[PDB]
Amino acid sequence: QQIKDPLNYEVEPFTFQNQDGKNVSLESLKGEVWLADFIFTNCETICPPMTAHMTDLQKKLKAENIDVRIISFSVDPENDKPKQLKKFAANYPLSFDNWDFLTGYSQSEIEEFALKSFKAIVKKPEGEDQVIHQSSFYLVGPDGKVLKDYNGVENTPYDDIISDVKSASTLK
């Protein structure tokens, strides 16, 4: 199975901090397939579904014994410190074993990283957000190129994403 019309976007170099305060870099992800999304922690009124979907994705990949990493980038890094990241994650039955939630950057940095790497327009919350616009899941290959995007908000094609993770792993 060969991966379709790959997006081939180049993820910019980065070093951010995870929920345990540990450095995570693009370089550190070299040779690994991974999945990426964009989240914020501060929502009383309806929280977006992305982390819930990603949680069920994480479970499905664990069940097929698939080597993958998961990265969630914060889009409100001023509020989302490593402790807030932990407390958010606590609302979900997810494992940190192959998932990092990242912060340690300004709003400007992440906005520009997201536009260059993923062609995504991210923004701060207005204290709330159902979802404003799409939000997508991205598949990144072992050499740091974005290969595919998927809808993380509704009707996530879990089986397609799993099949693409397996194919992106090939020949290594």
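Residue numbers here begin at 1 and follow the sequence given.
For this session: May I ask you to compare 160-168 and 144-152 by their mean CA B factor in the entry and name the higher one?
Result: On average, C-alpha B-factors are higher across 160-168.
Exercise. For the C-alpha atoms alone, is the average B factor greater in 68-76 or in 90-98, going by the entry?
Worked result: The entry gives the higher C-alpha B-factor average to 90-98.
Problem set entry | Most elevated Cα B-factor in the entry, residues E27, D37, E126, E112 | Reading the PDB entry, the winner on C-alpha B-factor is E126.
Exercise. Between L139, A120, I132, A52, which one tops the list for C-alpha B-factor in the PDB entry?
Worked result: It is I132.
Exercise. Can you tell me which third, lowest, middle or highest, the CA B-factor of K116 falls into for its chain?
Worked result: For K116, the deposited C-alpha B-factor lands in the lowest third.
Exercise. Lowest, middle or highest third: where is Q58 by Cα B-factor in its chain?
Worked result: It falls in the middle third of the chain.
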